[PDB]
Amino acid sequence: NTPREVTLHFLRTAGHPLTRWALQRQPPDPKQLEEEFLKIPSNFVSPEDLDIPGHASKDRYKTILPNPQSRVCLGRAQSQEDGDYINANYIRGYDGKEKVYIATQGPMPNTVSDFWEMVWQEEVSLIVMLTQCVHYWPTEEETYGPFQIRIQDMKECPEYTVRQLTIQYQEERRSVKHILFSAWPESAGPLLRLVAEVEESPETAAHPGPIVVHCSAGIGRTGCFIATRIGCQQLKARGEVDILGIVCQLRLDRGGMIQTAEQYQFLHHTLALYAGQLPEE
């Protein structure tokens, strides 16, 4: 069978379930975790696999491309702009539940309207931004294509900034919550606090929409955050986590999720911290 079907077979059958006790008390050593990560195929799509004319000006990186099986197709809200193309994929969440996250690259000045279009059509109530990219949100009030965004409220937390945005499209207004994480990491503390912030965030849309997560390329820091979230959900609900199975399921939705083995080993560390933080009850 073809190397492409070898890739698909590995990402569907590989799994290393770890009990809450094994993750905390006897975890795989870094050498084993590194070999395990290196076995996982990147699942990158080549420019030859996409037949979407005029997409290259929309991409930040020519090598990092959205998988066509699960990419986000834009609607027709924009007039001075044809094409349904955005560098973004739908990500399955806990138990392979459909469209729980959208992993996307950092918006370029020419893709800012495309980004706000996605937020509107997908009924997104929450955006998580991971950084240490152009500012696509206004300081007070800006118009981006057919969309008007206004800052309603802004609070400063020791680790992330929370903005309450209102997106306006003709007669319709929607509320979107925006969290900007600053420290991305040295420690996993701030990351679990970010996850708790996401967990405490109410749905503000008519129908539950996916959570937009981005960094710059939308695969590295984006991939860790989503894997942490699902991993926390596995530990809370089951008492075990299959980290290898999570990463593999991510690679199927978007190629290249989690770039480095350091990120893989930190992922084990974060979920180990979370396990100790669970109710006693």
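A residue's number is simply how far along the shown sequence it sits, counting from 1.
Student: Checking chain continuity here. Are there deposited residues lacking coordinates between residue 184 and residue 185, and if so is it 1 to 3, 4 to 9, or 10 or more (or none)?
Tutor: Unresolved stretch here: 4 to 9 residues.
Student: With respect to the deposited sequence, is there a break between residue 80 and residue 81 in this entry, and if so is it 1 to 3, 4 to 9, or 10 or more residues, or none at all?
Tutor: None; the chain is continuous from residue 80 to residue 81.
Student: Would you tell me which stretch averages the higher CA B-factor in the PDB entry, 22-30 or 241-249?
Tutor: Per the deposited B-factors, the answer is 22-30.
Student: Using only the Cα atoms and their B-factors as the entry lists them, report which of 196-204 and 109-117 averages higher.
Tutor: Taking the mean C-alpha B-factor of 196-204 and of 109-117, the larger value falls to 196-204.
Student: Taking the Cα B-factors listed in the entry, which of 66, 231, 256, 54 comes out highest?
Tutor: It is 54.
Student: Using the temperature factors in the entry, find which of 100, 154, 74, 191 has the highest value at its Cα atom.
Tutor: In the PDB entry, the greatest C-alpha B-factor among 100, 154, 74, 191 is found at 154.
Student: For residue 46, return the chain-relative third of its C-alpha B-factor as stated in the PDB record: lowest, middle or highest.
Tutor: Highest third.
Student: For the chain shown, is the CA B-factor of residue 177 in the lowest, middle or highest third of its modelled residues?
Tutor: Ranked within chain, residue 177 CA B lands in the lowest tercile.
Student: Could you look up the Cα B-factor of residue 149 in the entry and say which third of the chain it sits in: lowest, middle or highest?
Tutor: Highest third of the chain for residue 149's C-alpha B-factor.
Student: For residue 58, return the chain-relative third of its C-alpha B-factor as stated in the PDB record: lowest, middle or highest.
Tutor: Its C-alpha B-factor, which the entry lists for residue 58, ranks in the middle third among residues of this chain.
Student: Comparing residue 163 with the other modelled residues of its chain, is its CA B-factor in the lowest, middle or highest third?
Tutor: Middle third.
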